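There is one chain below, alone, in structure tokens, taken in the form deposited in one PDB entry.
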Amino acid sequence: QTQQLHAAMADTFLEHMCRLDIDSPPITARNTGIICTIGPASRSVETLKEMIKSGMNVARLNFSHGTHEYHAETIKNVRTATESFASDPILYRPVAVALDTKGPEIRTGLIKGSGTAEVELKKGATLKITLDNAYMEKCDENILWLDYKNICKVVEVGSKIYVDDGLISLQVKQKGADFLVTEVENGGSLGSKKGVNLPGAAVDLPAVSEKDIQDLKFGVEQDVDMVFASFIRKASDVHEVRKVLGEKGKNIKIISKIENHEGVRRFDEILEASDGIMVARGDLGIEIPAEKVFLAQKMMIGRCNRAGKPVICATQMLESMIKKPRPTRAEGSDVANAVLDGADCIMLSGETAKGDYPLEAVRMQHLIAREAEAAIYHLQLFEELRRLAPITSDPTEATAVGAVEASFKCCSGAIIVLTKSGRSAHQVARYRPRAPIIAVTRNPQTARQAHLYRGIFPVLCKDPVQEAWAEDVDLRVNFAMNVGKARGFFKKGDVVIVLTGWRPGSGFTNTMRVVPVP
């Protein structure tokens, strides 16, 4: 009658679908992490507190724009909002900070010297592209400067050039030395500093530009939790970011953004090298035909679920909400289906960065994800995850799968996991329990980074280390108990699964207990 449990018990997926029930309400816990891009509509301490209350788990900073001073202040503000709740550790919600790199972008110049000016473009008309910096702030209906120095070499005649999220389409007629002449194949308003794509072209910008170097250094100085690396093409790109981050940034997670055809093709090597993946559908759906994006998304989510590495679904998930308080039916569907596909996290960009309804957008992602989570066909999912798993003598892995089996058997209210590094909780998440995973840690970075994983609710235990280690273990379990009760995941006398190890330190998780809530 609740949590789509009648659908959960179907012997076929068709029957599962037939039993999906709009009158079967979900549980409290939402498992899929929500990443919100911060910008002018959401960077105030005031709004950020409401973002957090509304379900934001990760704050994304887009380094395609803005100065270090600006990003430093956003980061300061996220931390002020986040620590405003720290006085009761039981109700404190950790919040991660993500740096999203500019990476190898092509950008246009300023329309008539203004960052906000635009010119309407009639379809069929003519337009000159120039690399002459003379016109870098004098773009208009007739001449359009962009910043890719090498553009003329990697494009031939008849090549297609796309501007502003692929919405403006241009065809190369004649090649010059510092220029291109083009006809507006598809028209609309042209604005300032818009993204440009050359889908037919072997673009040769570096993996990690000088600007990216400076930004990644700022990321280390600012103690960011993860980097979302733009336009990753191959494993060596990932290795370059990892080496750039170097020793000071060794614990920073690298999520590779797959946004072009080469990244999809070389996906397996990229995943191996990365800490996680973002399906960056914006650019991806300009670089490859828009009608193939769902194939790429489902392939990458599947391969990440198979590897146990976090995957993020991104871009235009609730786009209409930039201007409207409720989303379109396609948007509702997109969010639900990302969760049903297996995505660990879902993302907001303009919806939270600049839109008129940032909070409504976060709340809608929260609502849809929780409904979709209840609609998952765990019976087949869990069977297939168990089947496809390399079978190993690893005792931590055996403990994790037993816990998840145990949690299904008793419909547990949670799987409580003590973890220093997060790994033990990550191992549970990989097997996709219905039960929320309460990951208890003293490590603040573990607690923030754990939001990358479906089902993990990180809680940051601030209690002092007790002299007797068994009493210290029991202290943290009890903390987890108090957190679940306060958030309404479970109540006195419900059963929960508890995972602990046999000695202190990382790598010893080997003990699964089935315990009633006190």
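Residue indices: 1-based, along the sequence shown. Rigid core: the largest C-alpha set superposing within 1.5 Å between the two forms.
Although it is not shown, the form deposited in another entry is what the next lines describe.
> Which single residue of 175, 217, 211, 306, after superposing the core, moves its CA by 2 Å or more between the shown form and the other one?
Residue with a C-alpha shift of 2 Å or more: 175.
> So, does residue 143 move by 2 Å or more at the CA between the shown form and the other one, with the core held fixed?
Where the cores coincide, residue 143 still shows a C-alpha shift between the shown form and the other one that is 2 Å or more.
> When you overlay the rigid core, is the Cα of residue 122 off by 2 Å or more between the shown form and the other one?
Where the cores coincide, residue 122 still shows a C-alpha shift between the shown form and the other one that is 2 Å or more.
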